[PDB]
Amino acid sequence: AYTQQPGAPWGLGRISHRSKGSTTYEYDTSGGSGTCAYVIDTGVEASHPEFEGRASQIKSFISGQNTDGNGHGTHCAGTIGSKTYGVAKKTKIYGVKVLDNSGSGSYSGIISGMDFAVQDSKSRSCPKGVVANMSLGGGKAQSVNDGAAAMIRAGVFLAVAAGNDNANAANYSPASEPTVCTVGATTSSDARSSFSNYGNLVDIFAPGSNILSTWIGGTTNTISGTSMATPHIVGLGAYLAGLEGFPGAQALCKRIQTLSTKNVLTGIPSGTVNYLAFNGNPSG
């Protein structure tokens, strides 16, 4: 059941079509329903009307901050499954705050958040899959890549942000973990976003510049970053899992790379894949 959503943020039109320019987002109605998506960030503003009751922020590893008072996590949750700005429109969102509101998190608090989401995901109703979003990063830490790797090993499609350093992702975490689906950011004229990290360790590219999404205070905001490209991927996967069935956590990153539009991007250096997300739309 393919429907279409007219006047959709360019990023959604870019993923349901092989050629750029479309403002219509075409997708199957199931829209990642029966699937669960964990947003590991500054938290998610559940009350927001764009989530249609499908978001609940359930855990925090930050002292006395049990709410997204930053904006990052809610912006990312909107791209994953908000009514107007999200990919997987029937998905269920769960927020785990691992970054305080000034936008900072200890690696320890982050590793704990990843495990919490894995352990918690099994107490939730996600018959068609559990996906995860980590639009965060810092210097390379094996401890983090390992906690990240473990999520993958438990069957959770974890996608993480390449980074906004215009550098090779190999030097950051969760970015450098071979096992997670690392995401680079894309421009609407099909160029790698000037800030997007790159390298062999990045597994896919998706809309990352000028992305409109949900924001704290009941609004929307338009920001650019690899954290904007990542929820395009986490959402794309929930959608593919609710439509084609969950194939595995790494296999879902693999499936995404197979569907991806090839050699259409510019700004992509040698050693870096030239893959742009595509949702498999028959009439795409």
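From 1 onward, residues are counted along the sequence shown.
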(request) Higher average CA B factor in the deposited record is what I'm after, so tell me if that's 223-231 or 24-32. (result) 24-32
(request) For the C-alpha B-factor as written in the entry, point me to the maximum among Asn210, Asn145, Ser135, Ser104. (result) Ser104
(message) Could you place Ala46 in the lowest, middle or highest third of its chain by Cα temperature factor, using the values in the record?
(response) highest
(request) Among all modelled residues of this chain, ranked by Cα B factor, put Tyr239 in the bottom, middle or top third, i.e. lowest, middle or highest. (result) highest
(request) Determine, from the deposited record, the chain-internal third of the Cα B-factor for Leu276: lowest, middle or highest. (result) lowest
(request) Could you look up the Cα B-factor of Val96 in the entry and say which third of the chain it sits in: lowest, middle or highest? (result) highest
(request) Could you look up the Cα B-factor of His75 in the entry and say which third of the chain it sits in: lowest, middle or highest? (result) lowest
